[PDB]
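work_28.cif (mmCIF, N, CA, C and O atoms) appears below.
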```
data_run
#
loop_
_atom_site.label_atom_id
_atom_site.label_comp_id
_atom_site.auth_asym_id
_atom_site.auth_seq_id
_atom_site.Cartn_x
_atom_site.Cartn_y
_atom_site.Cartn_z
N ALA A 1 12.75 79.36 -70.54
CA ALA A 1 11.74 79.23 -69.50
C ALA A 1 11.62 77.76 -69.11
O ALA A 1 11.53 77.41 -67.93
N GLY A 2 11.54 76.87 -70.08
CA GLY A 2 11.31 75.47 -69.81
C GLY A 2 12.53 74.81 -69.16
O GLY A 2 12.37 73.99 -68.23
N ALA A 3 13.72 75.14 -69.62
CA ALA A 3 14.97 74.65 -69.01
C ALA A 3 14.95 74.97 -67.54
O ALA A 3 15.28 74.14 -66.67
N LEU A 4 14.59 76.23 -67.20
CA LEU A 4 14.59 76.67 -65.81
C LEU A 4 13.52 75.93 -65.02
O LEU A 4 13.77 75.45 -63.90
N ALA A 5 12.31 75.83 -65.58
CA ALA A 5 11.21 75.10 -64.94
C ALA A 5 11.73 73.72 -64.51
O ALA A 5 11.43 73.23 -63.41
N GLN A 6 12.43 73.05 -65.41
CA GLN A 6 12.87 71.67 -65.20
C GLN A 6 13.98 71.58 -64.16
O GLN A 6 13.96 70.66 -63.32
N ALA A 7 14.96 72.48 -64.23
CA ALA A 7 16.05 72.53 -63.24
C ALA A 7 15.42 72.63 -61.84
O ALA A 7 15.77 71.88 -60.93
N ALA A 8 14.52 73.60 -61.67
CA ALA A 8 13.84 73.83 -60.38
C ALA A 8 13.12 72.54 -59.96
O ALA A 8 13.20 72.09 -58.82
N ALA A 9 12.36 71.97 -60.89
CA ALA A 9 11.54 70.79 -60.62
C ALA A 9 12.42 69.71 -59.98
O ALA A 9 12.03 69.04 -59.00
N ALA A 10 13.60 69.50 -60.56
CA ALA A 10 14.46 68.41 -60.16
C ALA A 10 14.87 68.46 -58.70
O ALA A 10 15.18 67.41 -58.12
N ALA A 11 14.95 69.67 -58.14
CA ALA A 11 15.33 69.87 -56.76
C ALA A 11 14.18 69.77 -55.77
O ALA A 11 14.41 69.56 -54.57
N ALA A 12 12.95 69.98 -56.24
CA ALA A 12 11.78 70.04 -55.35
C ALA A 12 11.71 68.85 -54.39
O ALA A 12 11.25 69.03 -53.26
N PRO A 13 12.09 67.62 -54.80
CA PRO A 13 11.99 66.52 -53.85
C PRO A 13 12.77 66.69 -52.56
O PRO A 13 12.44 66.02 -51.58
N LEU A 14 13.81 67.52 -52.55
CA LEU A 14 14.50 67.76 -51.27
C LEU A 14 13.56 68.45 -50.29
O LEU A 14 13.37 68.01 -49.15
N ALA A 15 12.99 69.59 -50.72
CA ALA A 15 12.08 70.36 -49.86
C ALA A 15 10.95 69.45 -49.38
O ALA A 15 10.51 69.51 -48.22
N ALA A 16 10.44 68.62 -50.28
CA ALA A 16 9.27 67.76 -50.05
C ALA A 16 9.51 66.85 -48.83
O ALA A 16 8.58 66.48 -48.13
N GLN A 17 10.76 66.45 -48.61
CA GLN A 17 11.12 65.50 -47.57
C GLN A 17 11.20 66.12 -46.18
O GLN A 17 11.48 65.37 -45.23
N UNK A 18 10.94 67.39 -46.02
CA UNK A 18 10.70 68.14 -44.83
C UNK A 18 9.29 68.17 -44.40
O UNK A 18 8.56 67.03 -44.40
N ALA B 1 16.68 49.56 -43.67
CA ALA B 1 15.56 50.47 -43.83
C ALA B 1 16.11 51.79 -44.40
O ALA B 1 15.58 52.32 -45.39
N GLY B 2 17.11 52.37 -43.76
CA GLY B 2 17.65 53.64 -44.19
C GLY B 2 18.36 53.56 -45.55
O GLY B 2 18.20 54.47 -46.37
N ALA B 3 19.10 52.50 -45.78
CA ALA B 3 19.80 52.28 -47.04
C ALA B 3 18.77 52.36 -48.18
O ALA B 3 18.99 52.99 -49.21
N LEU B 4 17.64 51.66 -48.01
CA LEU B 4 16.62 51.60 -49.06
C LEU B 4 15.90 52.95 -49.18
O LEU B 4 15.61 53.37 -50.33
N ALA B 5 15.60 53.61 -48.10
CA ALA B 5 15.00 54.96 -48.13
C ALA B 5 15.86 55.83 -49.04
O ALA B 5 15.35 56.60 -49.87
N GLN B 6 17.17 55.77 -48.84
CA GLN B 6 18.07 56.67 -49.56
C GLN B 6 18.23 56.29 -51.02
O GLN B 6 18.27 57.17 -51.88
N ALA B 7 18.29 54.99 -51.31
CA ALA B 7 18.31 54.50 -52.70
C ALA B 7 17.10 55.11 -53.45
O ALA B 7 17.24 55.70 -54.51
N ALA B 8 15.92 54.94 -52.86
CA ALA B 8 14.66 55.41 -53.47
C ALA B 8 14.75 56.93 -53.68
O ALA B 8 14.39 57.44 -54.76
N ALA B 9 15.19 57.64 -52.68
CA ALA B 9 15.24 59.11 -52.68
C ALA B 9 16.03 59.56 -53.93
O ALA B 9 15.66 60.55 -54.58
N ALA B 10 17.12 58.88 -54.22
CA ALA B 10 17.98 59.27 -55.31
C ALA B 10 17.28 59.29 -56.67
O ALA B 10 17.75 59.95 -57.59
N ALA B 11 16.18 58.51 -56.80
CA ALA B 11 15.39 58.48 -58.01
C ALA B 11 14.40 59.62 -58.16
O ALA B 11 13.90 59.86 -59.25
N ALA B 12 14.08 60.28 -57.05
CA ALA B 12 12.95 61.22 -57.01
C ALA B 12 13.11 62.31 -58.12
O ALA B 12 12.09 62.74 -58.68
N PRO B 13 14.31 62.81 -58.41
CA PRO B 13 14.39 63.89 -59.43
C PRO B 13 13.92 63.48 -60.80
O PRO B 13 13.58 64.36 -61.61
N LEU B 14 13.90 62.18 -61.12
CA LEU B 14 13.34 61.72 -62.38
C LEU B 14 11.85 62.08 -62.46
O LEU B 14 11.38 62.71 -63.40
N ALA B 15 11.10 61.60 -61.46
CA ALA B 15 9.67 61.84 -61.40
C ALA B 15 9.41 63.36 -61.46
O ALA B 15 8.51 63.85 -62.14
N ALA B 16 10.19 64.10 -60.69
CA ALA B 16 9.99 65.54 -60.49
C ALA B 16 10.03 66.25 -61.85
O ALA B 16 9.29 67.20 -62.09
N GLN B 17 10.97 65.84 -62.71
CA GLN B 17 11.16 66.51 -63.99
C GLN B 17 10.18 66.05 -65.06
O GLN B 17 9.86 66.86 -65.95
N UNK B 18 9.80 64.79 -65.07
CA UNK B 18 8.93 64.12 -65.99
C UNK B 18 7.57 64.24 -65.72
O UNK B 18 7.23 63.38 -64.67
#
```
Exercise: express the given structure as structure tokens:
Amino acid sequence: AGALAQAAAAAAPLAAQX
Amino acid sequence: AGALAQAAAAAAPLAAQX
């Protein structure tokens, strides 16, 4: 669960820049 | 301006995960 949480987290800044 | 924007952007996944 935590590995996945972190993988997802790492990508969030792309979406944020929209 | 753009060069620096992009340099900074590359760091964002650190914050995102931590």
As a compact mmCIF listing (two decimals) with N, CA, C and O atoms, in the frame of the given file, could you give me every residue of chain B near chain A (at most 7 Å apart, counting only N, CA, C and O atoms)?
```txt
# COMPACT_ATOMS: atom_id res chain seq x y z
N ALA B 12 14.08 60.28 -57.05
CA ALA B 12 12.95 61.22 -57.01
C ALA B 12 13.11 62.31 -58.12
O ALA B 12 12.09 62.74 -58.68
N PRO B 13 14.31 62.81 -58.41
CA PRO B 13 14.39 63.89 -59.43
C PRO B 13 13.92 63.48 -60.80
O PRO B 13 13.58 64.36 -61.61
N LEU B 14 13.90 62.18 -61.12
CA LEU B 14 13.34 61.72 -62.38
C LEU B 14 11.85 62.08 -62.46
O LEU B 14 11.38 62.71 -63.40
N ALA B 15 11.10 61.60 -61.46
CA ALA B 15 9.67 61.84 -61.40
C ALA B 15 9.41 63.36 -61.46
O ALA B 15 8.51 63.85 -62.14
N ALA B 16 10.19 64.10 -60.69
CA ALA B 16 9.99 65.54 -60.49
C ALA B 16 10.03 66.25 -61.85
O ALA B 16 9.29 67.20 -62.09
N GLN B 17 10.97 65.84 -62.71
CA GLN B 17 11.16 66.51 -63.99
C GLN B 17 10.18 66.05 -65.06
O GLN B 17 9.86 66.86 -65.95
```
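Considering only chain A, backbone DSSP assigns helix (DSSP H, G or I) to residues 2, 3, 4, 5, 6, 7, 8, 9, 10, 11, 12, 13, 14, 15 and 16 of chain A.
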Expected axis-aligned box over every listed atom of range 11-14 of chain A, 8 Å added per side, centre plus edges in Å to one decimal, as JSON:
```
{"center_x": 13.3, "center_y": 68.0, "center_z": -53.6, "size_x": 20.1, "size_y": 20.0, "size_z": 25.0}
```
